[PDB]
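This is what each chain is made of:
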Amino acid sequence: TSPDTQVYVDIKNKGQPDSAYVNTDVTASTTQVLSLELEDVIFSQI
Amino acid sequence: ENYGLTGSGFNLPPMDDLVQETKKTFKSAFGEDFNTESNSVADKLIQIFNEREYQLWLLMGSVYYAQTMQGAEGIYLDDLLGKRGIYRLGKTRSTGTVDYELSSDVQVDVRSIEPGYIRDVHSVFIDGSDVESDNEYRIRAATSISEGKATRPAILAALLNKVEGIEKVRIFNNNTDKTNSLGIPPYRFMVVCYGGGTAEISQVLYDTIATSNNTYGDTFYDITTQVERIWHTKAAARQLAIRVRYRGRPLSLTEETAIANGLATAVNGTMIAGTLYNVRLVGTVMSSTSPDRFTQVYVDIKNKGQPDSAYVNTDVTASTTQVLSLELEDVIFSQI
Amino acid sequence: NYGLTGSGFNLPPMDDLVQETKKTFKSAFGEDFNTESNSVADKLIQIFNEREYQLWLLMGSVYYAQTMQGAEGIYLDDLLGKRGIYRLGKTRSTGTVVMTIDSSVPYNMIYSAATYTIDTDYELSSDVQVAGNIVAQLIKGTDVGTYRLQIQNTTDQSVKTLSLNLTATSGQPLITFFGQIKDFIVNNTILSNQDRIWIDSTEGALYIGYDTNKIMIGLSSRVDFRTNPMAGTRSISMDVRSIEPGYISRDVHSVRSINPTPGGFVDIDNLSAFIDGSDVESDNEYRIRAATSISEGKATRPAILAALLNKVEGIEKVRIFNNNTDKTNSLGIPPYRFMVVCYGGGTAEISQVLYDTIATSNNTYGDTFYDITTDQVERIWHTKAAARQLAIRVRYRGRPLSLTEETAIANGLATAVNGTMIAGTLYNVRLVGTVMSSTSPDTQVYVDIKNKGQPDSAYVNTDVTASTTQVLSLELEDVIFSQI
Amino acid sequence: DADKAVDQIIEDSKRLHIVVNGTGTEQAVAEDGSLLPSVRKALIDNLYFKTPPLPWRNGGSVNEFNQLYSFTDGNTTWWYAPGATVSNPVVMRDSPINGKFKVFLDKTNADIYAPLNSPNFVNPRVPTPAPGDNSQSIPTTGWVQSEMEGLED
Amino acid sequence: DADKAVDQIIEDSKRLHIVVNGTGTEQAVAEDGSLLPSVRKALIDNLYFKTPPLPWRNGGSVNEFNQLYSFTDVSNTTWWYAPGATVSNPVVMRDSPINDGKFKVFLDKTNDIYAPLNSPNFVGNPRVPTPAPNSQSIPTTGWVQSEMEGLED
Amino acid sequence: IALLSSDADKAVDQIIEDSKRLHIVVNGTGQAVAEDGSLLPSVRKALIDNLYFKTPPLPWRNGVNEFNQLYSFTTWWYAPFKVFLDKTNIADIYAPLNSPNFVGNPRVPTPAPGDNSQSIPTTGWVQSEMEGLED
Amino acid sequence: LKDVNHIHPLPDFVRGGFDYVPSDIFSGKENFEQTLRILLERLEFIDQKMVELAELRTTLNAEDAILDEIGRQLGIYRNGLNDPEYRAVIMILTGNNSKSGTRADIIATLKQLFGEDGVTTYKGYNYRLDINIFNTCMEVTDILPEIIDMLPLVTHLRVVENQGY
């Protein structure tokens, strides 16, 4: 993005309630691999 | 249609594809039963023409890339910023005070004879300045120049070009009926600068403000052409200190210099009475070096001389008459 | 070699490309392949090659389109558009003309703007009324009776009247009558006018706004003046613009006709070169204008001071005052309004110049106003200094000065007319220096100054200072000398 | 408003383009549910050809949507391919009995359609009847399994 | 005043839309009052209107090139048309077209409605005689059930 | 505001050429070119190049040089032998693909085992299928 | 009589070159022509795109994907602006560099954003100035910050917008 106040990121597994949002990093399982879809991104102004 | 400038960028076709449709259309004019396999006479001819044609696409891509800011190198860099009306500097000369010669006649200053880089110590002067390199040349392009007057950008532009020794400047406006939160009298504006003289900026300001002396500030200096006076202020008044904590692969010694000096630019560039954002500081560290080197990062800020317990991570601002500054003997690296 | 290098963009000839591609073909089918003249492959390759020459040339042209040099046409605007300069479109020529009118044309008659054309491509700028636009007058010979004279004061707005009788149609009485008229006119307007009106006793004629060679040069500004017996021939000044925009130019003495001749018309001619109109702006003058933008200063006290002195047929002196603190201050001024004082600049022509003032700077204070169309119409204000004449007496000890030798001293005191508004102090020492300078070297000298009309007791040596809106003045005939 | 008028214009334009051009084996879609045939249809649709039949050839490629080619084995039949153009030619294979080729109609030719009595077919399909039907309608392969499924449980 | 142009554009779009989608036949009206035909109206010419051909006669005349006429010989039935038939040049009628080369015979296109011997795709409700309670014959819905009906037990 | 029209012209011109082709085809004279480069004959031309038979039939002899001259026997005949005008209907012998009613011994190729689709099963396929569940 | 800008697609590029067939020796052979035409017509596409590579890079027609590059060189970042008005701000700021904030001057800059009759300006005694808008074609709140910049240091401004008079 073009340069330029505050920013935060929340991650949770698909389908979980909004209470599942956290900031701690996630680790893949023994046979699992991370994935992400473009439509699964949201933004909020504060 | 998917070739050339497209708004989203520039697309260049590889060597192989151009052959593919050339053969396809060429085949369309004579049917399938037409040998075009490897080493065939027809195929050999097609390759020669496409290769000659392919260079045209490559040339176009190079021209576009050569003119973008990211791809500007050497002379091509000069042309691009030349389009803005500014040019790189040349061999610059030292200035001293009473190899060298007097700058002008004297009675009841000092100028270097040599054309450039240069007898430059106390009790035996501006040294160096041979050629103005690209990196600082890009930096010098950050300024702006205009012939306008009586408007906020005009005042800023003139001061940074005429007032010797000027480094930073900002203007605060109170265009209302009643005194603002900064105590500015109604229908007046204040100018605050860092560095520079006092009886010279006033001269410069006089030539560029409207015919209504709306200035206000701490100090004044009368001028005449009829007599009036102009106001201004000086801020200076702060030095900071920084610490950084990270987890991962230690950064040797060279990287810390790359990290440390990079931070000094961002902090220094802040405006007068600006604010520093902890998030921005983190971003610089992630960009002054290759990614994938840290898992966590934190930065702590405190003023010089303060106890170590004073380190804080919250955003910090400065008063009206304060300017943020950072230097070396700072930036304490550590591994958590 | 010929593409992009470290020193810009180059151009390849045709033969190098031909040889390169022929070498490629040679490599394709061995050294035995024929590629000259009689080969079908030769006829295909050479025909194919010439086209890419055009492509290379066009590509080279494209590259320079984004550089200080080489930009042309539409692309040139983008380069200089970054610096806020745009080409000028079609323009209409502008200028002013004068015409003499017969003695019988009434003052109040008004020319219709949309019923005349100066020449094949010029028309009246706007409606014009004969009264208030007289620039020069000629009176000669045929004029016994009672005469009324009227004039609008150029500083105040009070009409003045004079009454005289022409008991004789020639001789010393006529000379005295003309001198009385001259004194009446000079007491108003500006002293510079008196230098441009005189009487030719040899012919018994009066010239207004002419030179010693009988060429109409005009007065210092348009005025109103009338005589109940409408004698002589009057001249007026009109404003003219071209019909359609484009290129057209006219010289100092070019205009010579009017298609629909108005009754009483005499002649018509120019006074100065018109501001010629122009076609679409070209690249060369566009670059030239871009180069000379440094001197283009506006909306600043030095800028406004400079602009007035170089945009008015007059404006001998100018000064400005400021009051911007919540109150009217000592000098009567509204709280946030500027003050401009001028000398001999007219009203309408100077008013137009004031559009260099900073936007939102109210200014607009003074004793005289005018309205200018932007669209919306707005009013501006200013004032004209009221001249104050002095009487000077010189006394000295030495050899008696001879007649026609006092001319140098009298004209030497012309420096007294160079005082500035308000801040004008004679510094009688300066006068003593001047009187001792405009003469051959060589005992005693003194200077006495007093306002005109005062008794001889008013003579003093202390320096005099101009009032807020007053300016010093002096006439050659108001100098006397005494030997001691 | 006006955007929708322009939308009508553009959709009509593309429809008209396809209709005028078409492909011979093609029909356009009208705004309503009806479908619009192309000119290459309507011509061959009613009846039209180029009279002089041309011999079949294994090494030939056809590019014309309205000509008859006489195949032979002396069982001669005349064939055409609506979806044939200069831009989209078609190759005369060993035999036309194998795509875009179609045979000219004759009261003998008939002779390829299943007769009402004891016809032999070569992958016929029928709609799936509702479960539990005991009539003489014809069941599908899935219908058999769909009903045998209840049996097992 | 571009509203004026937008106005005319608005209804010109509608005229164009009806012309393109003029059902089988629509008569769009232009501002001049002339009448514009839908595409499908313009397509009648190829459509070769095979209504029941007017019975053959002797005397009278044929005015439409693409109209058919019904004729019967002393034994057969045929349909005839005279491509040269036009207004201002009608084809005078005659006893029989067999020697009236102005006229020419016409055939039927629709075989379309019949299942080809190869992998036909039937619709509706096909039926067959209930086969013997087998091998290669097509079974019926009841036949299968009757076959299985004894098996459940 | 409505300057989306910058896309409308690429359709308006195109429909102009399409109308032009329509006019030449319908009202042509004894052709038209599509964007594919193929030709479309006008009706007044298409009426000429189509197949016309010689109207007077000839008596049969089982003798043979033209595909366009008819012959009579007793029915009309031609040599592409193939009959041209018999007296029998077609709809009476050929089953419509919609709602047919076959009689006699209809046959189909037996499908692959285990197919669950819309194909037709054979009596000797289902009967084989029964035994699997029997076991 | 002639355009000064020589950057245009070459008129009738294809028929040229064919003009260099010596004496119609091959013309009408339909075998050499197709081979030559197929090769030459490829240059047609490249020749055409040579223009857009220069035409489309101008600020007037530059699309948002690359307009950002033009703005980046000038320091005018996109922020939250959209394409139609992002073009406007670029013009406004650039034009400010040769301005003096006079009444006649201010009218000129507003002229490019609201047509001929879409804007008017009232003036007041004590530094008061007013701006009136009649035919706005873009949302003004995001453009507002610049509208302040080209005014004298002490202006007092009101902004009112409406459709029509």
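Structure determination for this entry, per the PDB record, employed cryo-EM and reached 3.24 Å resolution.

> Please clarify how the overall build of chain D should be interpreted in this entry.
The number of helices and strands found in chain D is three helices and eight strands. Element order for chain D, N to C, with α for helix and β for strand: α-β-β-α-β-β-β-β-β-β-α. The C-alpha extent of chain D, read off along each of the three principal axes, is 65 × 60 × 30 Å. Split into buried and exposed, the 153 residues of chain D put 48% on the buried side. Only carbon and sulfur atoms are counted for the fraction: they give 55% of the accessible area of chain D, which is about 7,200 Å².

> How should the overall build of chain B be read in this particular structure?
Helices and strands together make up the secondary structure of chain B, namely eight helices and 15 strands. Against the 2.2 N^0.38 benchmark of 20 Å for 336 residues, chain B shows a C-alpha radius of gyration of 30 Å, more extended than a compact globule. Principal-axis analysis of the C-alpha atoms places the extent of chain B at approximately 95 × 60 × 60 Å.

> Help me understand helix 7 (residues 254-268) of chain B in this model?
The α-helix winds at 3.6 residues per turn, so residues separated by three or four positions along the chain end up facing the same way. All names here are of chain B. Taking 1.5 Å per residue, 15 residues should reach 21 Å; helix 7 reaches 22 Å between its end C-alpha atoms and fits that length. Burial in helix 7 covers these residues: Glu-256, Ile-259, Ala-260, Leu-263 and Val-267. Angularly, the buried residues of helix 7 cover 95 degrees about the axis, an arc narrow enough to put them on a single face. Seen from the buried face of helix 7, the exposed residues on the opposite side, beyond 90 degrees, are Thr-254 and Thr-265. Of the surrounding secondary structure, the elements contacted by the buried residues of helix 7 are strand 11 (240-248), strand 12 (275-276), helix 8 (278-287) and strand 15 (332-335).

> It is not clear to me how the interface of chain F and chain D should be interpreted in this structure. Could you clarify?
Quite often, the size of an interface is put as the accessible area lost when its parts meet. Listed as interface residues are 55 residues of chain F and, on the opposing side, 50 residues of chain D. Together, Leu-51, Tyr-94 and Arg-107 of chain F form the three largest contributors to the area buried by chain F at its contact with chain D, with a combined 12%. Here chain F is connected to chain D by two salt bridges. Here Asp-36 of chain F and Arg-40 of chain D are joined by a salt bridge, their closest N and O atoms 3.8 Å apart. Of all the secondary structure elements, the ones that give two or more residues to the side of chain F that touches chain D are helix 1 (9-27), strand 2 (39-40), helix 2 (43-49), strand 6 (82-85) and helix 3 (123-134) of chain F. Here the side of chain F that touches chain D is built from residues that sort into 31 nonpolar, 13 polar and 11 charged.

> Honestly, the packing of helix 1 (residues 3-21) of chain D against helix 1 of chain F in this entry has me stumped. Any pointers?
When two helices pack together, you describe them by how their axes are tilted relative to each other and by the distance separating the axes. In the contact formed by helix 1 of chain D and helix 1 of chain F, the axes pass within 9 Å of each other and the chain directions differ by 35 degrees. Crossing geometry of helix 1 of chain D relative to helix 1 of chain F is assigned as left-handed. Along its contact with helix 1 of chain D, which presents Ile-10, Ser-13, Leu-16, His-17, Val-20 and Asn-21 of chain D, the element helix 1 of chain F presents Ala-11, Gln-14, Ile-15, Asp-18 and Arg-21 of chain F. Of the residues in the contact of helix 1 of chain D with helix 1 of chain F, the class split is five nonpolar, four polar and two charged.

> Looking at this structure, I do not really get the packing of aromatic side chains. What am I missing?
Two aromatic rings are characterised by how far apart their centres lie and by the angle between their planes. Across all of its chains, the model carries 48 aromatic pairs over all chains by this definition. Arranged with centres 6.1 Å apart and planes meeting at 75 degrees, the rings of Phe-49 of chain B and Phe-25 of chain C form a pair that is edge-to-face. Taken together, the residues span two chains, with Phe-49 of chain B in helix 2 (residues 41-67) and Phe-25 of chain C in helix 1 (residues 14-29). Ring geometry for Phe-26 of chain G against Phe-32 of chain G: centres 4.7 Å apart, planes inclined by 65 degrees, an arrangement best described as edge-to-face. Taking relative accessible area as the criterion, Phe-32 of chain G reaches 12% and is therefore assigned buried. Put simply, the rings of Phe-49, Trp-78, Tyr-80 and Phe-104 of chain D together with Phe-53, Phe-67, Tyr-78 and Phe-84 of chain F touch in pairs and so form one group of aromatic residues.

> So what exactly am I meant to see when it comes to the pattern of salt bridges here?
Pairs can form between side chains of opposite charge whenever their charged atoms are close. Within the structure shown, the criterion is met by 41 salt bridges over all chains. With a shortest N-O distance of 3.3 Å, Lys-12 of chain A and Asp-18 of chain A are connected by a salt bridge. A residue is classified by how much of its surface remains accessible, and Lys-12 of chain A, at 24% relative accessible area, is partly exposed. Judged by relative accessible area, which is 61%, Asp-18 of chain A ranks as exposed. Residue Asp-456 of chain C is joined to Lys-450 of chain C by a salt bridge in which the shortest nitrogen-to-oxygen separation is 3.3 Å. Classification of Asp-456 of chain C as exposed rests on a relative accessible area of 56%. Through salt bridges with shared partners, one network takes in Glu-11, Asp-12, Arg-15 and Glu-31 of chain D.

> Any chance you could explain the sheet that holds strand 5 (residues 69-72) of chain E here in plain terms?
Remark on secondary structure: sheet strands pair via backbone hydrogen bonds, oriented parallel or antiparallel. Residue and element names in this part refer to chain E. The four strands lie next to each other as 3-5-6-8, forming an open sheet whose pairing is mixed. Unpaired on one side and paired on the other, strand 3 (54-55) and strand 8 (104-106) mark the two borders of the sheet. As paired strands, strand 5 and strand 6 (residues 77-81) are joined by four bridges and run antiparallel to one another. Bridge pairing in strand 6 places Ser-70 opposite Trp-79.

> Just to check I follow, could you spell out the environment of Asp-367 of chain C for this structure?
Residue and element names in this part refer to chain C. Relative to the assigned elements, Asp-367 resides in the loop between helix 8 (348-353) and strand 18 (368-373). A residue is classified by how much of its surface remains accessible, and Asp-367, at 40% relative accessible area, is partly exposed. The spatial distance from the C-alpha of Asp-367 to the C-alpha of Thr-155 is 9.0 Å, given a sequence separation of 212 residues. Sequence-distant contacts of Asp-367, defined by excluding residues within four places in its chain, comprise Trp-381, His-382, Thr-383 and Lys-384. Side-chain polar atoms of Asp-367 contact the side chain of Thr-383, separated by 2.3 Å.

> Just checking my understanding: could you explain the nonpolar core for this structure?
Across soluble globular proteins, you tend to see nonpolar side chains buried next to one another. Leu-59 and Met-60 of chain B, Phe-9, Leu-55 and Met-59 of chain C together with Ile-46 of chain G are the most contacted members of the largest nonpolar core, which has 24 residues in total. Secondary-structure elements contributing two or more residues to this core are helix 2 of chain B, helix 2 (40-64) of chain C together with helix 2 (32-55) of chain G. Counting residues per element, this core draws most heavily on helix 2 of chain B, at eight residues. Not counting the four nearest positions on each side in its chain, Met-59 of chain C is found in contact with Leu-59, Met-60 and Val-63 of chain B, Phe-9 of chain C together with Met-50 of chain G.

> What am I meant to see in the environment of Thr-202 of chain C here?
All names here are of chain C. Position of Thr-202 relative to the elements: it lies in the loop between strand 11 (197-200) and strand 12 (205-208). In sequence terms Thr-202 and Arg-289 are 87 residues apart; their C-alpha atoms lie 55 Å from each other. A polar side-chain atom of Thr-202 sits 2.7 Å from a polar atom in the side chain of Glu-203.

> Please explain the sheet that holds strand 10 (residues 159-165) of chain C as it appears in this structure.
All names here are of chain C. Read across the sheet, three strands follow the order 10-9-13 without closing on themselves; strand pairing throughout is antiparallel. With partners counted over all chains shown, the strands left at the sheet margins are strand 10 and strand 13 (225-227), one partner each. Neighbour-to-neighbour, the strand axes of the sheet open up by a mean angle of 15 degrees, direction not taken into account. Sheet topology note: the strand 9 (residues 146-152)/strand 10 ladder contains seven bridges and is antiparallel. Paired with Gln-152 across the two strands is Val-159, which belongs to strand 10. The strands touched by helix 4 (residues 172-186) are strand 9 and strand 10; relative to strand 10, the strand with the most contacts, the crossing angle is about 170 degrees.

> How do you make sense of the arrangement of the chains when you look at a structure like this?
Out of nine pairs of chains that touch, the pair holding the most contacts is chains D and F. At the C-alpha level, the nearest point of chain C lies 22 Å from chain E, with no contact between them. For chain D and chain G, which are not in contact, the least C-alpha distance works out to 15 Å.

> Would you take a moment to explain unusual backbone geometry for this structure?
Most peptide bonds take the trans configuration, and most residues that are not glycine carry a negative phi. Its identity as a non-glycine residue notwithstanding, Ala-273 of chain B has a phi of 55 degrees, on the positive side. Note on placement: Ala-273 of chain B falls in the loop between helix 7 and strand 12. Despite not being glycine, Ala-299 of chain C shows a phi value in the positive range, around 60 degrees. Secondary-structure assignment places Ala-299 of chain C in the loop between helix 6 (283-291) and helix 7 (301-309). When its relative accessible area of 2% is taken as the criterion, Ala-299 of chain C is described as buried.

Definitions and cut-offs
Residues numbered from 1 in each chain as written, not as in the entry; some residues may be left out. Chains lettered and ligands numbered in written order. Part of a larger assembly, values for the part shown. Heavy atoms only, no water. Residues with missing side-chain atoms left out of burial classes, pairs and counts. Helix = DSSP H or I, 4+ residues; strand = E, 2+ residues; numbered from the N terminus. Buried < 20%, exposed > 50% of the residue type's maximum accessible area, 1.4 Å probe, protein only. Areas by Shrake-Rupley, 256 points an atom, 1.4 Å probe, with all protein chains shown as cover. Rg over C-alpha atoms; globule rule 2.2 N^0.38 Å. Expected span 1.5 Å × (residues − 1). Arc of directions from axis to C-beta. Contact = heavy atoms within 4.5 Å. Buried area = accessible area lost by both parts, 1.4 Å probe. Salt bridge = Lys/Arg side-chain N within 4 Å of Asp/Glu carboxyl O. Nonpolar A, V, L, I, M, F, W, Y, C, P; charged D, E, K, R; others polar. Axes fitted to C-alpha atoms, helices over the stretch in contact; angles between N-to-C directions. Left-handed = near helix turned anticlockwise from the far one by under 90°. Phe/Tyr/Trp six-rings, centres within 6.5 Å; stacked < 30°, edge-to-face > 60°. Pairing = 2+ DSSP bridges. Polar contact = N/O pair within 3.5 Å; in protein donor to acceptor, adjacent residues only side chain to side chain. Core = buried A, V, L, I, M, F, W, Y, C linked by side-chain atoms within 4.5 Å.

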